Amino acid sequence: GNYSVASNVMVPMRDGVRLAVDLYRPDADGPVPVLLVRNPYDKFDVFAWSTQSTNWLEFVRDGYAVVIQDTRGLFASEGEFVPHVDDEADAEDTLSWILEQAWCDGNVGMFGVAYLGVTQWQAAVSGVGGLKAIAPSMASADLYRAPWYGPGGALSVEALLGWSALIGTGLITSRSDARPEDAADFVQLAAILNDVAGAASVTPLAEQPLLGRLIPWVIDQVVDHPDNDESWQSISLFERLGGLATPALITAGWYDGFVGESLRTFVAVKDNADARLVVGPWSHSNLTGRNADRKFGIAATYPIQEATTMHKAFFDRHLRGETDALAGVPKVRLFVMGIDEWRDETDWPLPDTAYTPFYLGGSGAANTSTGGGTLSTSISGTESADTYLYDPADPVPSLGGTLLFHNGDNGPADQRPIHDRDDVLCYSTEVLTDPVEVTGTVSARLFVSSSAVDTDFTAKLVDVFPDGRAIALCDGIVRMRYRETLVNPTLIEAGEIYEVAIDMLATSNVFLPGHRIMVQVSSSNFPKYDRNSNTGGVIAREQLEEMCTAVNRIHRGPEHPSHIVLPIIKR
């Protein structure tokens, strides 16, 4: 079909501030269903994000109108920009405006990735009857849990500094008349992006002259609020998701920074409305399926046309009343790593998931990959413990995983470069003779003790290949002061043994014959997470010099059954 495009149509918000939108309307008679996208990266720049989403022009050619809007305070829109705080109201007023237009038939939907996904959850809680469906990709409904902090209570510092530098560069390269400093700033912002770990290594972390100037929010909201307090609660949508009845087509990536939260949104809305889930082996910046030491095959490449077809079927069902539009479409579609194949599922978590404990054990010290650390479904008979020194000045480098900006294009990273570290404990199963599928949420329960009043403990699931590659799958961290709650932290007593849980997000991997299941335990993973100072103080306000090293210990045996819980699937 044919269509037209109207640029910079100004939409008034409740406070009088006008946001700019571009209207892609089909050349048809009568009102049509409409799809909305709220974008902070310039509505004009469609190529920048569309390749990670859908060939949505197909929607317009098929009769849908598409509205792309500049969020408040950015590019063509008026007002002041502050992340997240105005999106709920602005989305509500925008949806109301769309519903009032002559070309809207009363059915509105949304789609988009990341920030363009978070804004959909913020729109969904408005209660606007006209919003019939959303499709949040690689998104979150709880900004503290993803992407700024996490279930463990540690700051995702590389995510914060990287995104902030990107926003800053955008704020500058768009100004209404360049400034004298602009040139210099753009240089500094680039220096941050080329070495995020370096930018995150400065102490006190809270001191950000550049970023703090270009976007105060970086410190005023994120850095200054390490507890999941009221400031975070205010923009979290998660608790309100259970009361909604809005269909949601959710997409996630196993190595994507928002994966944990993306999956949780599916679980939160699947009972009250038509929810769909698609999870590929992608990281935020790498949807190719190709990584430095791991290739998932061409079938793993983000299937943009298939995604477009699925989104159209989803919108046809919920916005155009086509009751059989989703016939044959699975509820859940996962890329199962190892066998490296897409597979349909009827639900997530998968039905028949056997949450199986794999206990830490072994003779001697489990320090380093050449230690004697073992993993077994049987409880260890010997009461032992592995000890190591965690020094904030020398944290374990982040390698792959869900990194967003700091080397965030190699999720399934080979871990061998850090296997020689004494602060990296390794526990592996024997070489497998039969495949073992692990698909679902993953967590660990460790009995630990520290010489400090606070510290961190990390756990990483790894697939060890016959050729030696130790490929990262999923990982988590627990900042001890938040061991029981992210809201009201309390310190620990040196030497006392605590049983703590580490949320390791999720994965889908078949450990094939010849492989080993391995878990890496430590007390740091920088800059994925900022370093714990081991002092019990305000971490972001401490000087490296005033920080302490900590002698940490992992207890294992009959009385302290430390283990990782794997979601075993047997078919």
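When you see a residue number, it is the position in the sequence shown, counting from 1.
- Stretch comparison (539-547 versus 523-531) by mean CA B-factor in the PDB entry places 539-547 on top.
- When the two stretches 95-103 and 474-482 are set side by side, the higher mean Cα temperature factor goes to 95-103.
- Of the candidates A135, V464, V442, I167, the one whose C-alpha carries the top B factor in the deposited record is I167.
- Listed residues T370, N410, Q415, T119 were ranked by CA B-factor as deposited; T370 comes out on top.
- In this PDB entry, the Cα temperature factor of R25 sits in the middle third of its chain's modelled residues.
- The deposited CA B-factor of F59 belongs to the middle third of values across its chain.
- In the PDB entry, a CA B factor belonging to the lowest third of its chain's modelled residues is recorded for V34.
- Sort the chain's modelled residues by C-alpha temperature factor and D177 lands in the highest third, per the entry.
- Residue-level temperature factors show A48 in the highest third of its chain, judged at the C-alpha atom.
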